[PDB]
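The data below hold one chain only, encoded as structure tokens and taken in the form deposited in one PDB entry.
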């Protein structure tokens, strides 16, 4: 999670704002807003407004704005402080390009308050999306079936806003374990918030920090397009050595790429759900020496066909080759892939719950 080298010489594509709701949501939002970079004249690129009831845990500059709902978060308390909530949005997010309403599902923040925030930003013409966590415990999602749940209205109105970035806590916890086998569970949240913040910051950075090798780009404007696409969005990342990108024995590297597309950075996507994507963008980044030998029609055409067959309904999916002119000798043979796939369907676990609600 250290992008100091890339930052000093690069930039971010979108000035993100984060509207956190509830503990988990506010925790993620705060972490993103606390983000410190070496980007020149943009030390703290992200801003956040944290909406939560009063609490000591709430223990979480000037880039952050806290809004207490008292109650010492439900639809009622949200609506009862909506004027102050919106005034803070009006005063803190004027220079933002995109707002992420950050909320935990199955947690202590109802979908009722979530829908009200979505209605707010929509009625006021903001560019915004959803950054939502799914609980490690399935049993926690049953809350979505409760009498006051508005998960169905949110799902049915996906076209009103941008991408829904889902975060699978079960997934991040395992990465946390396999990563830090000696750490205590009590340390997970910290790691998690940081992983989420880094994932979003990384793609935001990569899309405005390197030199395009061709006329095909995955730049700030294309990133904006994808991020503003309705439906679920999945981020994927892969690093390989030059010697594996052998277009004559494509299975090694393509197997790795296909696996990365399904086992994303924050959520896992089924082959059949990916096939359902509406938008797709992918960037490759490597050294000047490697770029010269790697970026030819054989490789790029092979890449285009592979991706086309996996996301058949994507109108135009750019394969954008880039060169990191600042690549060290040690990183010289490394080839990095950054993928964004948008307009994905909601995952089965959530989708089954919505269908149950429609029946009822």
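Numbering follows the first chain given and starts at 1. The term rigid core refers to the maximal set of C-alpha atoms that superpose within 1.5 Å between the two forms.
The protein also exists as the form deposited with a small molecule bound; that form is not presented, and the subsequent description refers to it.
Partner contact for residue 105 in the deposited complex: the small molecule, 4.5 angstroms, heavy atom: Result yes; residue 105 sits at the interface with the small molecule in the deposited complex.
Heavy atom of residue 133 within 4.5 Å of the small molecule in the deposited complex: Contact check for residue 133: yes, within 4.5 Å of the small molecule in the deposited complex.
Residue 109: touches the small molecule in the deposited complex, heavy atom cutoff 4.5 angstroms: Contact check for residue 109: yes, within 4.5 Å of the small molecule in the deposited complex.
Partner contact for residue 27 in the deposited complex: the small molecule, 4.5 angstroms, heavy atom: Taking the distances in the deposited complex, the answer for residue 27 is yes, it comes within 4.5 Å of the small molecule.
Within 4.5 Å of the small molecule in the deposited complex, all of 22, 52 and 143 (non-hydrogen atom): All three within 4.5 Å in the deposited complex.
Listed residue that, although the small molecule is not shown, lies within 4.5 Å of it in the deposited complex (heavy atoms), from 149, 193, 209, 269: Filtering the options by heavy-atom distance leaves 193.
Residue among 225, 153, 216, 189 with a heavy atom within 4.5 Å of the small molecule in the deposited complex: None of the other options qualify; the answer is 189.
Proximity to the small molecule in the deposited complex (heavy atom, within 4.5 Å), stretch among 133-141, 227-235, 75-83, 198-206: Flagged stretch: 133-141.
Core-superposed comparison between this form and the one not shown - Cα displaced by 2 angstroms or more, from 159, 272, 179, 95: Only 179 moves by 2 Å or more at its C-alpha.
Threshold 2 Å Cα movement between this form and the one not shown for residue 108, core superposed: Superposed on the core, residue 108 moves its C-alpha 2 Å or more between this form and the one not shown.
Core-aligned C-alpha movement of residue 149 between this form and the one not shown reaching 2 Å: Moves: yes, 2 Å or greater.
After fitting the core, residue 6 CA displacement of 2 Å or more between this form and the one not shown: Moves: no, less than 2 Å.
In the deposited complex, shift in Cα separation for residue 231 relative to residue 354, 3 Å or more: Their C-alpha distance grows by at least 3 Å in the deposited complex.
Closer or farther in the deposited complex: C-alpha pair residue 144, residue 83 (3 angstroms or more): Farther apart in the deposited complex, by 3 Å or more.
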